[PDB]
Amino acid sequence: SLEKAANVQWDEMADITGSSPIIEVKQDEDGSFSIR
Amino acid sequence: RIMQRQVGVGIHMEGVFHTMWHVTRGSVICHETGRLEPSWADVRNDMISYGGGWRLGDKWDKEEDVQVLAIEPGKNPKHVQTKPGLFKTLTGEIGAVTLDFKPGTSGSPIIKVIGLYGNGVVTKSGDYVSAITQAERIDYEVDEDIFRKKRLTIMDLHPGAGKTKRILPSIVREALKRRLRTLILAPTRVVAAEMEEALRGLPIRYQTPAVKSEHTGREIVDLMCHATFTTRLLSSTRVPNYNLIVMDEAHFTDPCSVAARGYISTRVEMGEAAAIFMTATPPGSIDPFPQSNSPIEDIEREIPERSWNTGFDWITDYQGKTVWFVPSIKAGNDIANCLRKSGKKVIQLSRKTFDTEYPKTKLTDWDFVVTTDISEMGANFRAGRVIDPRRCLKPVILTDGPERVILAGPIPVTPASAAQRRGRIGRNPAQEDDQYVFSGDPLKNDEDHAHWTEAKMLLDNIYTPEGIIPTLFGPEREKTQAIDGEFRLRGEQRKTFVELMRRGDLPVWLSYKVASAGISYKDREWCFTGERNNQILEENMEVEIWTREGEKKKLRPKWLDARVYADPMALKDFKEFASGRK
């Protein structure tokens, strides 16, 4: 494993994209996810 | 973080490691620093934590626009921003950030960190959405001043709470800071070896039972087995007055360990020492299904006691490694052979073959392990299933008529025993939960066990500043109404008794009988002057022994302990003893 090169910071310059779809899901014991 | 042969990025917070599950699946990675190690894993939340438990807490506000700190393979870490939606699980509601990156960017921090980006869904109708998956933060830390005299401290340490890797070395370090004559008592040498490895760097001296006492002014810490500690109390007045005694696996019912507990407890009451008894099953607990590190699947179904023909397909259909607890070595042989007939390769374990076979269970890749009660104490495995009929053999002293020690069984185990056999799994996080397959229920009453009496035989033969009488441990002294010091031997008989156990490899009871009979150690006449019913059989034939003289006599001991002919090795040693060889 290499260096994360990571910081716990906030960049307000960061792009604000993405949708907010209300999604209905059943969980899996494996960790995956279901539909309806 | 990248692994090549980046599939996932991790986060190191509060000293511990936090990452997704499907990116690593539980594999250890070494940095320039010390190598990592898994600790906790929830597949349902797809989370994993190395070197410690989850250490960051919930903070999704269901209204605040959170953001992901992306880390993509091939280039720099980018930063975004999102107004997350609702992921409506039937049980509860969890935040959902609609986002997408190239495969291997899972474990990106969210904004402190409130989630781990990675696990998501792909609607064929629309785009791919991700879930703000994070578990509830949860512990064990630095211990207090339990080093104060006249104070016994019991630690209910369950596997694997870092008892050996974290806690014990921390206690030792603090003990050395306070300049204490620390004593460390491990049940077996293999455990002691795991300690001296875990105590690497620290001044730790492992003690051999070949040495009656060893002392140095450049004060170190004495690490020895329970039996070593007891025999040194029986063989030397030069016993150090330790002010801190730490007994690991203090639930041990072996006479040496019980006697050690009684002595240590006595030294505590005197106010010359502080005690620490570490065990997952303290003498005041009866739960055979204790809470473990990783989830355990408890399955009750009947289990083969002998060789089986057909029916039990569930045994062999299992593909992982398996640990199986048998009452005796012979029953174990029967099971092992029936297992090898089916293709599986089995490693067999017992009390006097452990140091020979246990290292194989690490190096060798095996399908099954058949074991007696010896694995209940500090025996770690990398298996995933424990098969436990909860049956065992118990030494019992019959007083009806002539006194003799028999092996009653296969009698159901004790609750602590069942908890320990079960405790062999449920610590290593795998994708499939560990299965504790068992049969029947344990029995609380074990106060007809010979080891309690043997423990007192050892206890009131220990030289002590008199002063007082070395009595048994508190929670265990009610398991025998034998009067204190009624097994006291004086002078020559005491030396003969210790020699009979140490150089004769004979059980405490039998040794006490021969010693208190005024019999010299080299005298072997008592092995042939017994009742016709005291005749010993070896594979359905009467044993005939060629003595030291060169004479041939039928093996018929004056006192009969079933533990000298219960096993081919045990009988072999006992026949070597009767022939005056050792």
# chains A, B, ... in the order shown; residues from 1 in each chain; ligands from 1
>>> interface_residues(of="chain B", to="chain A", cutoff="7 Å", atoms="only C-alpha atoms", output="VMD selection string")
chain B and resid 1 to 3 9 29 31 43 to 46 79 to 90 98 to 99 112 121
>>> write_last_selection(atoms="N, CA and C atoms", output="PDB file, in the first residue's frame")
ATOM      1  N   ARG B   1      -3.073   4.379  -1.566  1.00  0.00           N
ATOM      2  CA  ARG B   1      -2.677   3.003  -1.292  1.00  0.00           C
ATOM      3  C   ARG B   1      -2.961   2.101  -2.489  1.00  0.00           C
ATOM      4  N   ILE B   2      -1.944   1.370  -2.936  1.00  0.00           N
ATOM      5  CA  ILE B   2      -2.080   0.507  -4.105  1.00  0.00           C
ATOM      6  C   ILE B   2      -1.459  -0.872  -3.888  1.00  0.00           C
ATOM      7  N   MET B   3      -2.115  -1.895  -4.429  1.00  0.00           N
ATOM      8  CA  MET B   3      -1.603  -3.259  -4.387  1.00  0.00           C
ATOM      9  C   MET B   3      -1.565  -3.837  -5.798  1.00  0.00           C
ATOM     10  N   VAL B   9      -8.481   2.613  -1.604  1.00  0.00           N
ATOM     11  CA  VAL B   9      -7.735   3.536  -0.758  1.00  0.00           C
ATOM     12  C   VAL B   9      -8.239   3.446   0.677  1.00  0.00           C
ATOM     13  N   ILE B  29      -1.254  -5.855   4.727  1.00  0.00           N
ATOM     14  CA  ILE B  29      -0.258  -5.125   3.952  1.00  0.00           C
ATOM     15  C   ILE B  29       0.801  -4.502   4.863  1.00  0.00           C
ATOM     16  N   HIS B  31       3.675  -1.617   5.352  1.00  0.00           N
ATOM     17  CA  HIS B  31       4.280  -0.364   4.915  1.00  0.00           C
ATOM     18  C   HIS B  31       5.758  -0.371   5.280  1.00  0.00           C
ATOM     19  N   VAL B  43     -19.628  -7.304   6.862  1.00  0.00           N
ATOM     20  CA  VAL B  43     -19.920  -7.501   5.447  1.00  0.00           C
ATOM     21  C   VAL B  43     -21.222  -6.806   5.051  1.00  0.00           C
ATOM     22  N   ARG B  44     -22.156  -6.730   5.994  1.00  0.00           N
ATOM     23  CA  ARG B  44     -23.445  -6.089   5.753  1.00  0.00           C
ATOM     24  C   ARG B  44     -23.276  -4.607   5.430  1.00  0.00           C
ATOM     25  N   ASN B  45     -22.315  -3.967   6.088  1.00  0.00           N
ATOM     26  CA  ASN B  45     -22.004  -2.567   5.818  1.00  0.00           C
ATOM     27  C   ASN B  45     -20.752  -2.427   4.961  1.00  0.00           C
ATOM     28  N   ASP B  46     -20.196  -3.567   4.554  1.00  0.00           N
ATOM     29  CA  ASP B  46     -19.060  -3.621   3.634  1.00  0.00           C
ATOM     30  C   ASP B  46     -17.844  -2.873   4.183  1.00  0.00           C
ATOM     31  N   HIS B  79     -11.519  16.542  -5.902  1.00  0.00           N
ATOM     32  CA  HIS B  79     -12.533  16.839  -4.897  1.00  0.00           C
ATOM     33  C   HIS B  79     -13.840  17.275  -5.552  1.00  0.00           C
ATOM     34  N   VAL B  80     -14.959  16.779  -5.030  1.00  0.00           N
ATOM     35  CA  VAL B  80     -16.269  17.101  -5.588  1.00  0.00           C
ATOM     36  C   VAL B  80     -17.208  17.680  -4.532  1.00  0.00           C
ATOM     37  N   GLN B  81     -18.501  17.696  -4.843  1.00  0.00           N
ATOM     38  CA  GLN B  81     -19.526  18.168  -3.917  1.00  0.00           C
ATOM     39  C   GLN B  81     -20.892  17.664  -4.367  1.00  0.00           C
ATOM     40  N   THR B  82     -21.717  17.239  -3.416  1.00  0.00           N
ATOM     41  CA  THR B  82     -22.985  16.601  -3.756  1.00  0.00           C
ATOM     42  C   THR B  82     -24.077  16.851  -2.718  1.00  0.00           C
ATOM     43  N   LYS B  83     -25.311  16.988  -3.190  1.00  0.00           N
ATOM     44  CA  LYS B  83     -26.475  16.947  -2.316  1.00  0.00           C
ATOM     45  C   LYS B  83     -27.068  15.543  -2.381  1.00  0.00           C
ATOM     46  N   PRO B  84     -26.726  14.692  -1.399  1.00  0.00           N
ATOM     47  CA  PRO B  84     -27.098  13.273  -1.425  1.00  0.00           C
ATOM     48  C   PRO B  84     -28.601  13.036  -1.322  1.00  0.00           C
ATOM     49  N   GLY B  85     -29.049  11.895  -1.834  1.00  0.00           N
ATOM     50  CA  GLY B  85     -30.446  11.517  -1.764  1.00  0.00           C
ATOM     51  C   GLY B  85     -30.689  10.489  -0.678  1.00  0.00           C
ATOM     52  N   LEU B  86     -31.851   9.849  -0.724  1.00  0.00           N
ATOM     53  CA  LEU B  86     -32.210   8.855   0.280  1.00  0.00           C
ATOM     54  C   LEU B  86     -32.129   7.435  -0.269  1.00  0.00           C
ATOM     55  N   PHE B  87     -31.387   6.581   0.429  1.00  0.00           N
ATOM     56  CA  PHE B  87     -31.359   5.159   0.119  1.00  0.00           C
ATOM     57  C   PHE B  87     -32.225   4.418   1.130  1.00  0.00           C
ATOM     58  N   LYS B  88     -33.419   4.034   0.695  1.00  0.00           N
ATOM     59  CA  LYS B  88     -34.425   3.479   1.588  1.00  0.00           C
ATOM     60  C   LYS B  88     -34.299   1.970   1.764  1.00  0.00           C
ATOM     61  N   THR B  89     -33.443   1.549   2.688  1.00  0.00           N
ATOM     62  CA  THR B  89     -33.408   0.147   3.077  1.00  0.00           C
ATOM     63  C   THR B  89     -34.647  -0.134   3.914  1.00  0.00           C
ATOM     64  N   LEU B  90     -35.119  -1.376   3.882  1.00  0.00           N
ATOM     65  CA  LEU B  90     -36.330  -1.752   4.602  1.00  0.00           C
ATOM     66  C   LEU B  90     -36.193  -1.475   6.094  1.00  0.00           C
ATOM     67  N   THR B  98     -24.957  10.167  -5.477  1.00  0.00           N
ATOM     68  CA  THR B  98     -24.846   9.744  -6.869  1.00  0.00           C
ATOM     69  C   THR B  98     -23.506  10.187  -7.440  1.00  0.00           C
ATOM     70  N   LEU B  99     -22.614   9.228  -7.662  1.00  0.00           N
ATOM     71  CA  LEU B  99     -21.270   9.534  -8.136  1.00  0.00           C
ATOM     72  C   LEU B  99     -20.661   8.340  -8.863  1.00  0.00           C
ATOM     73  N   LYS B 112     -15.707  16.327   9.685  1.00  0.00           N
ATOM     74  CA  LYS B 112     -14.817  15.185   9.549  1.00  0.00           C
ATOM     75  C   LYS B 112     -15.395  14.136   8.617  1.00  0.00           C
ATOM     76  N   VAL B 121     -24.898   1.176  -6.318  1.00  0.00           N
ATOM     77  CA  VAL B 121     -25.849   0.494  -7.188  1.00  0.00           C
ATOM     78  C   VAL B 121     -25.801   1.046  -8.609  1.00  0.00           C
TER      79      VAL B 121
END
>>> residues_around(residues="residue 116 of chain B", least_positions_apart="4", cutoff="10 Å", atoms="only C-alpha atoms", output="PyMOL selection string")
chain B and resi 9-11+18-20+46-47+68-69+106-110+131-135
>>> atom_distance(atom1="atom CA of residue 66 of chain B", atom2="atom CA of residue 111 of chain B")
5.3 Å
>>> residues_around(residues="residue 238 of chain B", least_positions_apart="4", cutoff="9 Å", atoms="only C-alpha atoms", output="list in words")
residues 212, 213, 214, 232 and 233 of chain B
>>> select_by_dssp(residues="segment 3-36 of chain A", states="strand (DSSP E or B)", output="list in words")
residues 15, 16, 23, 24, 27 and 33 of chain A
>>> closest_residue(among="B:180, B:560, B:227, B:408", to="residue 531 of chain B", atoms="only C-alpha atoms")
B:560
>>> residues_around(residues="residue 476 of chain B", least_positions_apart="3", cutoff="10 Å", atoms="only C-alpha atoms", output="PyMOL selection string")
chain B and resi 258+261-262+283-284+447+452+472-473+479-480
>>> select_by_dssp(residues="segment 129-266 of chain B", states="alpha helix (DSSP H)", output="ChimeraX atom specification")
/B:168-177,189-198,226-235,255-266
>>> residues_around(residues="residue 153 of chain B", least_positions_apart="5", cutoff="7 Å", atoms="only C-alpha atoms", output="number ranges by chain")
B: 146, 275-277
>>> write_last_selection(atoms="N, CA and C atoms", output="mmCIF file, in the first residue's frame")
data_model
loop_
_atom_site.group_PDB
_atom_site.id
_atom_site.type_symbol
_atom_site.label_atom_id
_atom_site.label_comp_id
_atom_site.auth_asym_id
_atom_site.auth_seq_id
_atom_site.Cartn_x
_atom_site.Cartn_y
_atom_site.Cartn_z
ATOM 1 N N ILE B 146 -3.796 -1.496 38.820
ATOM 2 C CA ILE B 146 -4.189 -2.783 39.376
ATOM 3 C C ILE B 146 -2.969 -3.481 39.964
ATOM 4 N N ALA B 275 -2.178 -9.584 42.015
ATOM 5 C CA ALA B 275 -2.428 -10.654 41.055
ATOM 6 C C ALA B 275 -3.282 -10.209 39.873
ATOM 7 N N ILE B 276 -3.031 -10.824 38.722
ATOM 8 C CA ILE B 276 -3.844 -10.614 37.530
ATOM 9 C C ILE B 276 -4.159 -11.954 36.875
ATOM 10 N N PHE B 277 -5.415 -12.377 36.968
ATOM 11 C CA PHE B 277 -5.850 -13.621 36.343
ATOM 12 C C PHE B 277 -6.606 -13.337 35.052
#
>>> atom_distance(atom1="atom CA of residue 343 of chain B", atom2="atom CA of residue 322 of chain B")
14.1 Å
>>> residues_around(residues="residue 564 of chain B", least_positions_apart="5", cutoff="12 Å", atoms="only C-alpha atoms", output="PyMOL selection string")
chain B and resi 395+405-407+504-511+527+536-538+555-557+559+569-578
>>> residues_around(residues="residue 391 of chain B", least_positions_apart="2", cutoff="6 Å", atoms="only C-alpha atoms", output="ChimeraX atom specification")
/B:327,389,410-413
>>> atom_distance(atom1="atom CA of residue 399 of chain B", atom2="atom CA of residue 579 of chain B")
28.8 Å
